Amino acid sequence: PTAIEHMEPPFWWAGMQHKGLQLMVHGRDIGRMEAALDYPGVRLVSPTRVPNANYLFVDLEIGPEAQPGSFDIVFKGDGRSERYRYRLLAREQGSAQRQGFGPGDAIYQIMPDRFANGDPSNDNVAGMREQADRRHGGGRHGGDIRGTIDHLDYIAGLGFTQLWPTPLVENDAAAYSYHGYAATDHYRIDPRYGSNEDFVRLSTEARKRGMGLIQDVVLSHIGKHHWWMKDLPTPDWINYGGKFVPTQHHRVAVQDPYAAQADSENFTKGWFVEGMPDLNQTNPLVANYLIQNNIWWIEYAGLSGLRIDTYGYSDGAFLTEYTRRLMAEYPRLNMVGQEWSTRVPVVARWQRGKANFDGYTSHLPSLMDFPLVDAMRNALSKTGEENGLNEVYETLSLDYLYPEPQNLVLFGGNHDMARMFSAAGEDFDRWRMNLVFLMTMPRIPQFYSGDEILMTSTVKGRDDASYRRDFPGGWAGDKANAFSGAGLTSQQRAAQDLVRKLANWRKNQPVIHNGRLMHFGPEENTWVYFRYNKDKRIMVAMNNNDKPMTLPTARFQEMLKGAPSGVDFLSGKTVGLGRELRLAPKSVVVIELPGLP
């Protein structure tokens, strides 16, 4: 290396909650040196040396009296000296109290490579290991930050208030770089997306449009081409001594009274795939690194929260400390973990407030509601079943297992699953039911880019390329363009208009954000539920059958209290409620009524 090759974090802030700052310094023979500084309020601790000559860890304590400014950190040894001018930034007013995404928000999810190519010139970047190929399902297609910024008006116009892009951090792999989940530099935006500065600008431009930005963070693993892999900072930085030992994905092993240590270790230490070296988070240097890096991104880019990948694949004790550190800095933040299980108890284990049988404590505010998404996809697909909606009702009834079920993220789909429209059997009427459900449940709704124009995919197993097709209109020359409307079918445009109608309506319905829910047991694949408070009732009724259904309204009188009729927000039709509710085949209605006494 040349003097100091990497300084991480590269700068920090005065006035953080945790006073300690640990710098990870990288350069040839830097480990052979001693650090010194002189700045009021900043104390240099006592060297803890690592055996690798090319790394030095420097512990600072930044007292509350430290002012924003800069100071040289000088590194002396072997008759030489090296300098780094370290900067402490002033924090933005209100930084610590930043409001995280919550029940009043709706999240729009993109994959940056697959959304919009605003700058074809950065599709390839000289020096990088992969060449772009738009026709390869696993290739880089060239979407970037410029393209995303170009279309913030569209996203906000649809009624979304938060943007979640899959990771933009450097993934300099020879193949499958596009997906972002195998970081090769945690402190750098992949140059094919743009610069670190462009990412900050994406945040500021989103904010001007009333949208927060949620970063997708991977804690458990990196990519095999990470610069660490050439010269391991410590022998135990990577689990299994830096050699590939696969995980077998026994997720319940971390939360099972009958667990073998072999299985729990294999889950948190095993490598996801050979191309994804697993971080040893039981090493305090690794824990500190990840915690500081994510805090750095939040403070630097003005994030509204995080989506945390591969949640339970990280060490359990590390996760307690990581979530504690993050929530201590930003007490109103939201962070949504991805615990990919359709079992309510497995997901609920991780949410802040949960009383666990083993005393495990977490500070994680939110999780992805895979169980409920799975239940609704089953109801919509199992067309041969008399009462598939029962799975949704019974899954919802388990919400008492979560300390804060209204903070969970419910989603129409994402980059890992069959397209929402395909999961509905390409049945527009069933799709409407799914969309109404998403927009009215006591959850934080998240929507996957492309679903608003009924993009389709394969349905069975895992077929990732199928779920990540280029957004129509994201590339110059596209003959179907969802941004302008050009080339959409009437049905695709109707879907898009309905997404806009419901998402913007939801923004202004406090009863959906924090109201009570009363649902009724589904009967013959009809289902009725209500969101309600002193101000408003919203009645949802769906008929998941190809025949009409007539439901006596006596059953629902604890919610209806004699209401003779109402207007369906969707179709705008009046709907009788006096004695019977007549539902057309495959109908869903959404009826606003005044609040109960």
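In this text, residue numbers run from 1 along the sequence as written.
Asks: Mean Cα B factor from the PDB record: higher for 249-257, or higher for 168-176?
Replies: The entry gives the higher C-alpha B-factor average to 168-176.
Asks: Please compare 60-68 with 31-39 and say which has the higher mean C-alpha temperature factor in the record.
Replies: Taking the mean B-factor of the alpha carbons in each, 31-39 is higher.
Asks: Please pick out which of 421, 160, 84, 370 has the largest Cα B-factor as recorded in the entry.
Replies: Top of the list by C-alpha B-factor: 84.
Asks: Could you check 293, 314, 526, 122 and tell me which one carries the biggest Cα B-factor in the deposited entry?
Replies: Answer for 293, 314, 526, 122: 122, with the highest C-alpha B-factor.
Asks: Should residue 352 be placed in the lowest, middle or highest third of its chain by the C-alpha B factor in the entry?
Replies: Within its chain, residue 352 is a lowest-third residue by C-alpha B-factor, going by the deposited values.
Asks: Ranked by Cα temperature factor within the chain, is residue 239 in the lowest third, the middle third or the highest third?
Replies: Tercile = middle for this residue's CA B-factor.
Asks: Considering only modelled residues of the same chain, in which third does the CA B-factor of residue 74 rank: lowest, middle or highest?
Replies: Answer is highest: the recorded C-alpha B-factor places it there.
Asks: Could you look up the Cα B-factor of residue 459 in the entry and say which third of the chain it sits in: lowest, middle or highest?
Replies: It belongs to the middle third of the chain when residues are ordered by C-alpha B-factor.
Asks: If you rank the chain by CA B-factor, which third does residue 473 end up in: lowest, middle or highest?
Replies: Its C-alpha B-factor, which the entry lists for residue 473, ranks in the middle third among residues of this chain.
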